[PDB]
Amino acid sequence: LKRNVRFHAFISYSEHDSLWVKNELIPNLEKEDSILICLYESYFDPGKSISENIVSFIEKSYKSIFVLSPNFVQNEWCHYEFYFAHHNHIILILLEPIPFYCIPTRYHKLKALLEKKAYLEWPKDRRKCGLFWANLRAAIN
């Protein structure tokens, strides 16, 4: 049972995937147009440690959405390893395919989620985007 929840959703992403996050994902979440979104750019508090911020992001949010891509894995994931090495609610989107061979060996839980395909794949085919968003809303509620 979660404590001091201040946000419906935390969105974790590479700034290189900004345009999708801010032009596609957030507009679709603000379809309860009252929804409170935690984003690093607006709530990282340098008065706390990096890890304490990341813990607050996930634990003060009903859901955490991770926008997975080669950029996220190569540049951002390293700051979440301390969390997920000991923790198992969490929504994974595969925005862009990740070749298994570029994923660092130590990212065990990541590589296993990818293997069993526990994620929502963003379709590059635009007629399939409806199904995507439908699956996302079923996942969050």
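Numbers follow the displayed sequence, beginning with 1.
Student: I'd like the number of residues from the deposited sequence that lie between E41 and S42 yet are not in the model, binned as none, 1 to 3, 4 to 9, or 10 or more.
Tutor: Gap between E41 and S42: none, chain continuous.
Student: Can you count, per the entry, how many deposited residues between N88 and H89 come without coordinates? Answer none, 1 to 3, 4 to 9, or 10 or more.
Tutor: The entry has 4 to 9 unmodelled residues between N88 and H89.
Student: Comparing 69 to 77 with 24 to 32, which stretch shows the greater average C-alpha B-factor in the deposited entry?
Tutor: Taking the mean B-factor of the alpha carbons in each, 24 to 32 is higher.
Student: Mean CA B-factor: is it higher for 50 to 58 or for 110 to 118?
Tutor: 110 to 118 has the higher mean C-alpha B-factor.
Student: Lowest, middle or highest third: where is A9 by C-alpha B factor in its chain?
Tutor: Its C-alpha B-factor, which the entry lists for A9, ranks in the middle third among residues of this chain.
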